[PDB]
4 protein chains.
Amino acid sequence: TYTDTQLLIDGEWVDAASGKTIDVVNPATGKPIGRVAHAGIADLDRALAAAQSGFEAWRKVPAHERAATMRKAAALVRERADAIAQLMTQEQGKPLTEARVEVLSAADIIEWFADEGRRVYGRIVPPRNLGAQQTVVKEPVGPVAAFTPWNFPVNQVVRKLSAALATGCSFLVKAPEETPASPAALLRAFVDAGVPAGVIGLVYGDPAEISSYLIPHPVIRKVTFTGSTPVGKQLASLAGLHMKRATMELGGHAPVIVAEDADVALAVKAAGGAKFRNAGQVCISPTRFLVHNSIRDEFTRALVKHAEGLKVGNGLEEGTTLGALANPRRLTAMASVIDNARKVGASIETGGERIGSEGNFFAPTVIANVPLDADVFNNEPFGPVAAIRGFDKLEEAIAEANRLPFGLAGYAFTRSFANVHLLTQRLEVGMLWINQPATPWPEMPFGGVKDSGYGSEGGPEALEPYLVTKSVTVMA
Amino acid sequence: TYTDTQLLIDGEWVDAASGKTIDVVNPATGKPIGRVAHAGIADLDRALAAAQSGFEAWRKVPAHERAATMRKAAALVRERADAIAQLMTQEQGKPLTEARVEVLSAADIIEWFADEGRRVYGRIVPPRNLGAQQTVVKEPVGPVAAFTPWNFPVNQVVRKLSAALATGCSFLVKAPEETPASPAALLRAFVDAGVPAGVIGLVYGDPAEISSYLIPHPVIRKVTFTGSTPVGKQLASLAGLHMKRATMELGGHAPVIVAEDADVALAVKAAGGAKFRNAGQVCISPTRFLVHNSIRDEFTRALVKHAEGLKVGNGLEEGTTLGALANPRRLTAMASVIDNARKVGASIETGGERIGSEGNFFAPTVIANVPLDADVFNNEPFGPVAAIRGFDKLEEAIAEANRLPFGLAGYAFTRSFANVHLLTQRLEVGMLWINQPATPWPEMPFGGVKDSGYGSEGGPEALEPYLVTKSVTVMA
Amino acid sequence: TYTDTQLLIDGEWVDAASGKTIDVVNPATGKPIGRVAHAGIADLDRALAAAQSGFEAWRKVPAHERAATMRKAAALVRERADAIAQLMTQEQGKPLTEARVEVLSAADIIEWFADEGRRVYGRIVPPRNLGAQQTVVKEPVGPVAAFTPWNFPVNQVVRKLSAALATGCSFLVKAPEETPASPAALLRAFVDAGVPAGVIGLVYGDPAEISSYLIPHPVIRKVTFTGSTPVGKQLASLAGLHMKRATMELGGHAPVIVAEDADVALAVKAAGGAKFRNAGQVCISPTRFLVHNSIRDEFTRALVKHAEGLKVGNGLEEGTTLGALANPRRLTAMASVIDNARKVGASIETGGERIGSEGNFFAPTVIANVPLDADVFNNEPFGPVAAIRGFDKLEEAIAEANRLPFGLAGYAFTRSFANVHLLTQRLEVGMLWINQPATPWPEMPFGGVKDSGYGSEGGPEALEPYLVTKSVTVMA
Amino acid sequence: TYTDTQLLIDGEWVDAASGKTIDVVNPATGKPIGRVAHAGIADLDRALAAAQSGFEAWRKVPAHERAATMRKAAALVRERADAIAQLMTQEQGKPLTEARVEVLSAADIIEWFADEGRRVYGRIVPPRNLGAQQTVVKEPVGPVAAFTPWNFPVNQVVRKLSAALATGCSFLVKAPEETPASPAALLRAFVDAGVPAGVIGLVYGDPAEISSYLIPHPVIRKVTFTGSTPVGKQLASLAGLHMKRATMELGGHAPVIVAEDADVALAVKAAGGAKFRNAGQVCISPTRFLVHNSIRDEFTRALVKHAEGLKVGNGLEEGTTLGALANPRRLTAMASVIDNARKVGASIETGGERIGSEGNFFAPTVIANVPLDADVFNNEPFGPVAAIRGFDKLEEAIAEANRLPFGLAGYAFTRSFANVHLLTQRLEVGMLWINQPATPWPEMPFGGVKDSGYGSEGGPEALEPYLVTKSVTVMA
Ligand SMILES: NC(=O)c1ccc[n+]([C@@H]2O[C@H](COP(=O)([O-])OP(=O)(O)OC[C@H]3O[C@@H](n4cnc5c(N)ncnc54)[C@H](O)[C@@H]3O)[C@@H](O)[C@H]2O)c1
Ligand SMILES: NC(=O)c1ccc[n+]([C@@H]2O[C@H](COP(=O)([O-])OP(=O)(O)OC[C@H]3O[C@@H](n4cnc5c(N)ncnc54)[C@H](O)[C@@H]3O)[C@@H](O)[C@H]2O)c1
Ligand SMILES: NC(=O)c1ccc[n+]([C@@H]2O[C@H](COP(=O)([O-])OP(=O)(O)OC[C@H]3O[C@@H](n4cnc5c(N)ncnc54)[C@H](O)[C@@H]3O)[C@@H](O)[C@H]2O)c1
């Protein structure tokens, strides 16, 4: 079973006024599975009016009641994990097992943020005149416009949504048209748990028309976007033209520094498993594997065997560990990346081709002998491709790791305290994981530097983009 | 005695490569008093190269050394405050007494920030696996491009500068061409204190050309602007287009709520004093006086008396209490404001005219019976004009206070806990002062919401726009 | 139904090795209702060995798993609220309605602390040498010995227990022999939710023998006591002799300052309702009512009518709003207080006598015209007695409020911001509530100054007594 | 040149009312060099009355003024450091170079704490009812009684003093009778800087009589002791009996773990240097050297060489690197320690004897082959003796490090992240230094666990024992 998806406006699942829809396809087969409403300006207007009202209601609900309502929604998400996972796999491609992991980690996210909303603390400042009380109070910024991508349909919504609700803002999101049902189910849990009419809204349609209307509108006080660097720059540019608060999680290009002293088997297992997660369609996916020359050959061979062990297929079939890529553009993007690697003299150690003629299946691929000018070492591939290059000195791996304008995630494998410390200071990334894969828990900051954007989506720092800070000084 | 001004590039005071200069005029006379170097692109390229290596040097100086160096700069600023104040008064117009208070408080600000840099703390998070250490590390974002205006030539540079230096960033500021000598004496204190070559740079010239070149440049990792709403929109847009971190301190339109239970004498002395500070040329200048009908007329007469007691004249005369406006565009703007007020049926209770035919002298002015559609009640006057309206109910005054897209400062006068609490929760401002004038100590956040911008320039919060936050997890 | 109570040692409900028990009485009738095991030194030894083991296990369980186990126990407490309330009312005396409130607020407490255990943050300090990492880590102190009283049998356990478990300490408590079943049910929820063997223990017996053995024993690293000031001083003295960490919540003697501008009806309702809560057997119960002379007579008369409206009786019978006092000593203590008031010239405005000849029923009592040397104005009465005295100047009410060595809770009623501010600065109390009764939520600090003891039992400060702080500096 | 010492009471240097004095002797010669006033009860009563009104004055001085005054004191301490150091060396014995470093670092400590007092922040908590403001306010606890020992006559006073003054407390210290002039010059700097009359007081006499009188006295709200474990037990017991807040910094017995992968030359230079600092008369002096068997013998020989290179002599000679021990009871104690070591079969590798027959000179000593039952491996030697033992496995060394009831400082030498992480989580100490000697900067917490005491004397945590925390909730 796969369901058609509607807009959520003012507590009501509704069609667009025009009645227009967009078709949704299963990327494992290319076959239509359902449809989603395509919003016009008139539905956005109704959504903006409701977000204004929702904001006025939700800001007045004490943090401990907001928190309990969020926790109920999380319990519902958790109760419905199987059904939501099933929707997600059909629209997006990832294996059922990975979809369930994402839905459960959404529940965990909502819960931590629920509790953090109760710890949005002001402060009292020792005063220069004891007749006066000097305070700093924190309040919600106002209605949020959010724009989220298809690669983790639920999780890319839930951090933003959980942050907005915990601070007491209202929230209007344009979820992905290619993966609409799983996020709509996430929103439905919040409605079912008691979040009032107007506090949350959900639209789909033409992304550029929606973001062009929403971002400049006087109801919206904060914009949040997760996506590509080039669309991020257009949106941050418009947000600045209209003096809106904005945060952005954009491309990454994660380096992986496997040092001379690394546990090599651990590196292959950790960084290899993390590469093929969601078929590499992850903003923090390990991409540029910088491997000390003493162990490069051993690493490369073991990474190749890891890729060869993956079972490619429809994400509903058990045994599947690597599903369809999410859409046909991702297939074309992979061929372009592979063609360019071969042209510039790199070696395809395994994979490198489409599998079959139906759906978006690409083989897990490992590329070695990669020169610095290959597309795979410069543009974010966002697909099931690891690129390996050797180095002799740790300092040259670190310079390579910082060479690109991306800087989101970084990985390393090493045993010495001095190398940890050096990597910690020197690597230009938002997030660094050593001797393990990415474990991006809600309590941990999650955000970029440079072209990867700005603003955190974890920790207490995740509430700051949704808050205004007010200095209040009262003389008795 | 007034001094020509040069660029500060790589530890040296230098002319522009071209030899071009711009004339500086005394706004009390219209007469040339000196000139400032006019940078072109070649000078900016040298400033940027120096800023890069400066960032690389300064980020390695431990915090406690950076603090001690900053405190040395502060002590020199304190000692030279009267000679710096004489420069400021000549180029900008404010009375000497105000200029001294500005410069002495610059020293106070440097000291607080020097100490704050020793408290940029990371976090250790209780881990999900006890075999890993999860930390949150803070580090300087990089070279900063700062753009500052003429109203507080020193003070608008000093918080930005101190924040940059306390975090380990390097700093390149374009200070105002019409008030260049006093900001250059501020940077000189720092050079004399031992801030190394390239860590600070100062340039002057064509604002648009410089900002268009600096903001997109790869060296600049962060932008900070203080000035008008419409210019900040243009710059935050450019900054968005090149994915640069940006803070913005923009227009205000500060309401004053004088409640039924207010002490009227206090309200006039506090808010009337604050209105005519630097001739209203202040982003936090009280502008819209909303006075409870029971005391509207009594307040209006007392504010009229306050304004008629100011002594208008050259700021170098020590008894001068209202100097010349900073520049001729400010006279033009006061004429338009008063003209519209008269045309919409408001009453000019005092002032309303230029004084003399030389310099930029405008009389301190009070406007009563002001309709909500008057320019003075919608656009930021930025000059020595107060606008008075009545109200019956506190909640009508709060709604008027929140009508405008501006939201920087607010003031109120009241004695009940209930009113204090209400004004605290409901007024859409970044800073609220109750029963006293503005006291923006460095330890207190200072920043806007809505069209007034974003980012704070006081408190620990002042450092965050200059920091990047990095999640580090290391499995042992 | 009322059940006999056993010791909890190493995951097992067990009898004492001697087989000794103590009888439990219903204070509403004087009739035996059950019994509780009476521990000897040999059972304590087995308890201390298990706490050592429990500490070694529980310290290794990640904060997010500890947190989920605590939340389950809270859900169980909440599921069993009726059954636990019933036990409590029979052993302790309070009305069923109030017992249910306490059990539910216990669940709320456990939950907030569960979440706070995940936010025991270390920090990273900017280093004096960048080659070195300077960190501050937080770890559990070790096994706790706790000693809790009969007045809120569950709540006096739950803050201490929740704090210890959230930090990762083990916990051994000696609960009250006169009210053992309700706390034992609280502990049983934690066993049922999965807290491992040894992490929690529960003993009863002779309090002085237990605290004399536990406090000096090398397994115990932290002592916590809630009780009387004189027993607190003996226990803190012994804890210091053995260099143990100790916190103490001791007597209060709460002032209530009803100022000239008070809402009088609000004062009677808030402070009057709070006085007769748990029949005044509360460490923060409003006791010394300092009332401005203009409204003293009106206040006194309305407080008298509030007391006269209470329905005294068995706590299981519906309609009951004031139950039996908890034990016969409390009845004797009340007569002594009333006899002394009459002897020193005060007036008994209502109540003042035992009701009936069975059980521990005392009438709700209001005393006026109280001189400063009455026992009720010096010793903590801990019973259903309010004592009223007038004042003319707010400064003399404040001096009276600070006259005694107690300082736990304080109350006031006033409308002006200046009075709030003055009271906030000047009143020597741990907790001050204005214009409302006590709402001691888990997120709020709860602790004394002076003879009322030290250490907080709310907020993040509640974890600090259960934590050690370790500076770690590692040179690369 | 050495100066007799007086009491500091109410802004005046005075004799005891009685005229009694105590002789002060130079420990390098046994010869009188001056005398110190010997307070009786009447002097203490005047000190306490002054401390009370001092507390009332100082708590009203805004933080920023208190800071500026403290910084002035710091500057005077810096300027006078060499004259203060000459006093210290004569009365206490340490080399002049060490005495200068102690006094210069006292100035650094005052400065950090002065700034920290401006950051004693309260909290605003998100309320359960939006009509109330819930705040957490911090305020000084009250007059402090401080008791300090002879080992760092200045430095043991300065953190306590600075913490007291930064929070708004008044401070009355009993400094050591055997080293009285240098602490009195520290208090003089503060008097000269403008700390008002009564805010500080200094007394000398009979330690027991003074502590027995001060600790129970109603004026004293807080006690702080640094000294021996057995004396601190006696004082923390007395403090408990009168319900006074207490902090305690007591004995240490610092392990040094030299791991298999350690740099031996670094370990000897860092830990060997630290052992013979102030002749081992330091609560954090490395004592139990636990060295991996592969390098035990090499470490032992190198430490022997380090010790034989010290230059023993009068501390006034600038080339002296090990001075006389502070007092004759310290010789007696070194003789007992060495004697027991010999009797239990340990080997004296170097030193082991008194040098000369005048003064308190004891040779730098290294003991190897030390059994676990030797006095030197159980009791704090507090003198110039290192005790060496081997180990095979890191976890046996950790268990030995944790065997003793002491837990102040620890040291280790190792290069692997795994070992660093393990030592961090498992070593029962308050401070751990890895690959370097002790660097206890004021910004870092400094305090023990178990028998070494409680309370921190660095970091923000240093202020908490001098603060009370007050929950304030005000319903509007
Ligand atoms: N950071 C991330 O997690 C993330 C997510 C999705 C895609 N991407 C990057 O971009 C590529 C995405 O490919 P794509 O084919 O989806 O192309 P795209 O660049 O057109 O899409 C980027 C995202 O922005 C949205 N979008 C596009 N134009 C928009 C507008 N004008 N207003 C609002 N939203 C708009 C899309 O719905 C999509 O989710 C990937 O290869 C990857 O490198 C990154
Ligand atoms: N504290 C403040 O926030 C502040 C300060 C000065 C002016 N203003 C506002 O601006 C109004 C008009 O000011 P004005 O007469 O200086 O005119 P303006 O708006 O042309 O200039 C405003 C400021 O921005 C700068 N600026 C202008 N264009 C720029 C560009 N392209 N790049 C970089 N910097 C640029 C100027 O150097 C000046 O300091 C004032 O009346 C007031 O409302 C606000
Ligand atoms: N930094 C420290 O923590 C520190 C400092 C000095 C001594 N000690 C320990 O104490 C041992 C012996 O020291 P000692 O020879 O000075 O003998 P001691 O134990 O008699 O004195 C220790 C300190 O406590 C003080 N003191 C003693 N009785 C007191 C009382 N009743 N009230 C108040 N203060 C009192 C002394 O003035 C002295 O400063 C040392 O060898 C060492 O183990 C520790």
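Residues numbered from 1 in each chain as written, not as in the entry; some residues may be left out. Chains lettered and ligands numbered in written order. Heavy atoms only, no water.

- Structure determination for this entry, per the PDB record, employed X-ray crystallography and reached 2.3000 Å resolution.

**Section: the interface of chain B and chain A**
When the parts come together, some accessible area is lost, and that loss is often what is quoted as the size of the interface.
Inference 1: Each side of the interface is counted separately: chain B has 62 residues, and chain A has 61 residues.
Inference 2: Buried area between chain B and chain A, summed over both chains or domains, comes out near 5000 Å², and the portion from carbon and sulfur atoms is 53%.
Inference 3: Here chain B and chain A share 9 salt bridges between them.
Inference 4: Residues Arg128 of chain A and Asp108 of chain B are paired through a salt bridge, measuring 2.9 Å at the closest nitrogen-oxygen approach.
Inference 5: Connecting chain B to chain A are 27 residue pairs in polar contact.
Inference 6: Of all elements in the fold, only β5 (122-125), β6 (132-140), α8 (229-241), β11 (245-249), α13 (417-426), β18 (431-434), β19 (453-454) and β20 (467-475) of chain B reach the threshold of two or more residues within the side of chain B that touches chain A. (Contact = heavy atoms within 4.5 Å. Buried area = accessible area lost by both parts, 1.4 Å probe. Salt bridge = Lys/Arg side-chain N within 4 Å of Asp/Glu carboxyl O. Polar contact = N/O pair within 3.5 Å; in protein donor to acceptor, adjacent residues only side chain to side chain. Helix = DSSP H or I, 4+ residues; strand = E, 2+ residues; numbered from the N terminus.)

**Examining the relation of the copies chain B and chain A**
These two copies of the chain differ by a rotation about an axis and a displacement along the same axis.
Inference 1: Overlaying chain B on chain A yields an RMSD of 0.2 Å, the required transformation being a rotation through 179 degrees with an accompanying axial translation of 0.1 Å. The relationship between the two copies is best expressed as a two-fold rotation axis. In terms of C-alpha distance to the rotation axis, chain B has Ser237 of chain B as its closest residue, with the C-alpha 2.2 Å off the axis.
Inference 2: Interface overlap between copies is the fraction of interface residues in one copy that are interface residues in the other; for chain B against chain A it reaches 98%, indicating a shared surface. (Least-squares fit on C-alpha atoms.)

**Some words on the site of ligand 1**
All names here are of chain A.
Inference 1: Around ligand 1 there are 20 residues in total, and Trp150, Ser211, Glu249, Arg329 and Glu380 lie nearest to it.
Inference 2: Take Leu250: an N or O atom from its main chain is 3.0 Å from a nitrogen atom of ligand 1.
Inference 3: Relative to its unbound accessible surface of 800 Å², ligand 1 loses 80% to contact with the protein.
Inference 4: Counting residues per element, the ones that place at least two in the shell around ligand 1 are α7 (207-214), β10 (222-226), α8 (229-241) and α11 (328-343).
Inference 5: Element by element, the count of residues in the shell around ligand 1 is highest for α7, at 3 residues.
Inference 6: Across the shell around ligand 1, the residue classes break down as 10 nonpolar, 6 polar and 4 charged. (Near = heavy atom within 4 Å. Areas by Shrake-Rupley, 256 points an atom, 1.4 Å probe, with all protein chains shown as cover. Nonpolar A, V, L, I, M, F, W, Y, C, P; charged D, E, K, R; others polar.)

**A short note on the packing of aromatic side chains**
Inference 1: The final tally for this structure, using the stated rule, is 16 aromatic pairs over all chains.
Inference 2: Note on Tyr411 of chain C and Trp433 of chain C: the rings are 5.7 Å apart at their centroids and 25 degrees apart in plane angle, and the pair reads as stacked. Placement of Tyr411 of chain C in strand β17 (residues 409-413) and of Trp433 of chain C in strand β18 (residues 431-434) is noted, with a sequence separation of 22 residues between them. Across the pair, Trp433 of chain C and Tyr411 of chain C agree in class, each one buried.
Inference 3: In this structure, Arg123 of chain A packs its charged tip against the face of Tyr121 of chain D, placed 5.2 Å from the ring centre.
Inference 4: Across from the ring centre of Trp112 of chain D, 3.7 Å away, lies the NZ or CZ of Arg119 of chain B, which sits over that ring. (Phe/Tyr/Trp six-rings, centres within 6.5 Å; stacked < 30°, edge-to-face > 60°. Buried < 20%, exposed > 50% of the residue type's maximum accessible area, 1.4 Å probe, protein only. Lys NZ or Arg CZ within 6 Å of the ring centre and 35° of its normal.)

**Observations regarding the domain arrangement of chain A**
All names here are of chain A.
Inference 1: The assigned domain composition of chain A is domain 1 (1-251 + 442-476) and domain 2 (252-441).
Inference 2: Taken together, the contact between domain 1 and domain 2 spans 33 residues of the former and 38 residues of the latter.
Inference 3: Carbon and sulfur atoms make up 55% of the surface buried where domain 1 meets domain 2, a total of about 2800 Å² over both sides.
Inference 4: The residue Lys450 makes a salt bridge to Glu428 at a minimum N-O spacing of 3.4 Å.
Inference 5: The interface formed by domain 1 and domain 2 holds 16 residue pairs in polar contact in total.
Inference 6: Mapped by element, the contributors of at least two residues to the side of domain 1 that touches domain 2 are α3 (81-92) and α4 (96-116).
Inference 7: Sort the elements by how many residues they give to the side of domain 1 that touches domain 2 and α3 lands first, with 4 residues. (Domains from an automatic or database assignment.)

**With respect to the site of ligand 3**
All names here are of chain D.
Inference 1: Near ligand 3, the surroundings consist of 20 residues, among which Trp150, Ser211, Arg329, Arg330 and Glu380 are the closest.
Inference 2: In this structure, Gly227 approaches ligand 3 through a main-chain N or O atom, which is 3.2 Å from an oxygen atom.
Inference 3: One of the side-chain nitrogen or oxygen atoms of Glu380 is found 2.8 Å away from an oxygen atom of ligand 3.
Inference 4: Looking at the shell around ligand 3, the elements with two or more residues in it are α7 (207-214), β10 (222-226), α8 (229-241) and α11 (328-343).
Inference 5: By residue number, the principal contributor to the shell around ligand 3 is α7, which donates 3 residues.
Inference 6: Residue classes in the shell around ligand 3 are distributed as 10 nonpolar, 6 polar and 4 charged.
Inference 7: Two domains share the shell around ligand 3, each providing at least three of its residues, namely domain 1 (1-251 + 442-476) and domain 2 (252-441).

**Section: the interface of chain A and chain D**
Inference 1: Counting from both sides, the interface comprises 27 residues of chain A and, opposite them, 26 residues of chain D.
Inference 2: A combined buried area of about 1900 Å² lies between chain A and chain D, and 64% of that area is made up of carbon and sulfur atoms.
Inference 3: The tally of links between chain A and chain D comes to 0 salt bridges.
Inference 4: Applying the counting rule to chain A against chain D returns 4 residue pairs in polar contact.
Inference 5: Listing elements by their share of the side of chain A that touches chain D, those giving two or more residues are α2 (63-79), β5 (122-125), β6 (132-140) and α13 (417-426) of chain A.
Inference 6: Taken together, the 3 bridges between β5 of chain A and strand β5 (residues 122-125) of chain D define a ladder with antiparallel strand orientation. Counted as the bridge partner of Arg123 of chain A is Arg123 of chain D from β5 of chain D. (Pairing = 2+ DSSP bridges.)

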